[PDB]
Structure formats: C-alpha cells, structure tokens
Amino acid sequence: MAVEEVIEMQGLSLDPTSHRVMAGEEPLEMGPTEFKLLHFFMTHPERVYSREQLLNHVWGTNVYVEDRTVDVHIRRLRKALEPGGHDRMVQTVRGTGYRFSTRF
DNA sequence: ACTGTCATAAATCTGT
DNA sequence: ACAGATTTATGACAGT
C-alpha cells in the first residue's frame with residue numbers, strides 16, 4: 001500500500017500522516033524541522049550520522065546553513081522529548097555526529 | 001510563531 | 001594533574 005503507517009517503538013509513537021508524536025499515548029509537541037529529523041532518526045535506529053548527512057537528508061542537498069544549525073535543532077528535539085522521557089535515545093558521537101538508539 | 005547565528009560553559013584528547 | 005586546542009551543550013536574539 002501507499003498510505004502512510006505509524007511507527008511505534010519503546011513507548012514512543014509517531015504518525016507521519018497526522019504529524020503526531022505521542023509518548024505512552026500522551027502527545028508531545030514540536031515544529032516541522034524537528035518532526036522531520038525525528039522521522040529520519042526513528043526510520044534509522046542504530047546508525048551514526050554526521051551533521052553533513054543530517055543536512056542532506058533533513059534540511060536538503062541544495063539548502064545552505066552552518067553545521068551548528070544541527071546542534072541547536074538537536075537541543076530543540078531533546079527539549080521536546082524530555083518531558084516525554086525519550087530525550088536519552090538521541091545520543092552524541094564526539095568528533096563525528098549523532099546516533100539514535102532504543103536503549104544502548 | 002519557526003528557523004538560523006553568536007556567546008559563553010562544559011567536555012574530550014594529547015603532551016609534559 | 002593542568003593547560004592548550006577542538007567539539008558539543010545551552011541561552012538569548014535576529015530575520016523572515
């Protein structure tokens with residue numbers, strides 16, 4: 001089928017059709033760049049991504065900003081998932097980039 | 001209201 | 001153990 005389908009993993013559920021993020025069946029709220037970065041991470045758990053890979057996928061290939069736009073948006077995404085208990089999935093690889101994980 | 005940039009603090013790696 | 005160089009986290013502000 002071509003209709004989109006909800007992703008539910010480790011108590012966190014994201015619906016691409018409704019643009020709706022919920023943790024433990026209680027909603028969380030975020031902007032659309034934050035949602036797209038979260039959608040990219042939840043479709044790719046257990047892989048390391050540099051700020052360049054995140055820029056080409058989420059912001060766009062021919063779109064231009066500094067690398068440290070990613071750092072501020074990572075803080076905004078963690079701040080958003082923090083009262084939902086799910087900031088700790090979003091992990092940091094020093095000197096390279098970031099990684100998303102179920103636990104470890 | 002949402003995203004991009006800068007400033008300062010904390011954290012990491014290597015050399016002595 | 002401490003200092004210097006490089007990276008990352010956080011808070012405030014501007015532009016559109």
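Reading guide: rules and limits
- Residues numbered from 1 in each chain as written, not as in the entry; some residues may be left out.
- Chains lettered and ligands numbered in written order.
- Heavy atoms only, no water.
- Near = heavy atom within 4 Å.
- Polar contact = N/O pair within 3.5 Å; in protein donor to acceptor, adjacent residues only side chain to side chain.
- Helix = DSSP H or I, 4+ residues; strand = E, 2+ residues; numbered from the N terminus.
- Nonpolar A, V, L, I, M, F, W, Y, C, P; charged D, E, K, R; others polar.
- Contact = heavy atoms within 4.5 Å.
- Salt bridge = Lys/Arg side-chain N within 4 Å of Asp/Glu carboxyl O.
- Buried < 20%, exposed > 50% of the residue type's maximum accessible area, 1.4 Å probe, protein only.

Chemist: What exactly am I supposed to notice about the protein's contact with DNA strand B here?
Modeler: As a matter of local geometry, DNA strand B sits amid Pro 32, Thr 33, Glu 34, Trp 59, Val 65, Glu 66, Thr 69, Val 72, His 73, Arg 76 and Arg 94. Here, DNA strand B places atoms within 4 Å of the protein, and 67% of those atoms are sugar or phosphate. Between DNA strand B and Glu 66 there is a distance of 2.8 Å, counted from a phosphate oxygen to a backbone nitrogen or oxygen. Between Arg 76 and DNA strand B, the recorded distance is 2.7 Å, taken from a side-chain N or O atom to a base oxygen. Looking at the surface near DNA strand B, the elements that each hand over two or more residues are α1 (32-43) and α3 (69-81). It is α3 that contributes the most residues to the surface near DNA strand B, four residues altogether. Split into classes, the residues belonging to the surface near DNA strand B amount to four nonpolar, three polar and four charged.

Chemist: Even after reading the chapter, I still don't get the side chain of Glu 34, so can you show me in this structure?
Modeler: Inspection of the secondary structure assignment puts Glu 34 in helix α1. Reaching out from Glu 34, the side chain makes a polar contact with the side chain of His 73 at a distance of 2.6 Å. Setting aside its immediate chain neighbours within four residues, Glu 34 contacts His 73, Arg 76 and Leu 77.

Chemist: I'm lost on the side chain of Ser 50 in this one. Help?
Modeler: In this fold, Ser 50 is placed in strand β5 (residues 48-50). Those residues in contact with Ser 50, other than ones at most four positions away along the chain, are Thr 96 and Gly 97.

Chemist: Got a minute to help me understand the pattern of salt bridges in this structure?
Modeler: Between side chains of opposite charge, a pair can form as their charged atoms come close. If you walk through the whole model with that rule in mind, you get three salt bridges. For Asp 71, the salt bridge identified is with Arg 51, shortest N-O distance 2.7 Å. Placement of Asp 71 in helix α3 and of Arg 51 in helix α2 (residues 51-59) is noted, with a sequence separation of 20 residues between them. According to the relative accessible area criterion, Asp 71 is partly exposed, its value standing at 24%. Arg 68 is the salt-bridge partner of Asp 71, the closest N and O atoms lying 2.9 Å from each other. Connected through salt bridges with shared partners, the residues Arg 51, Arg 68 and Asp 71 form a single ionic network.

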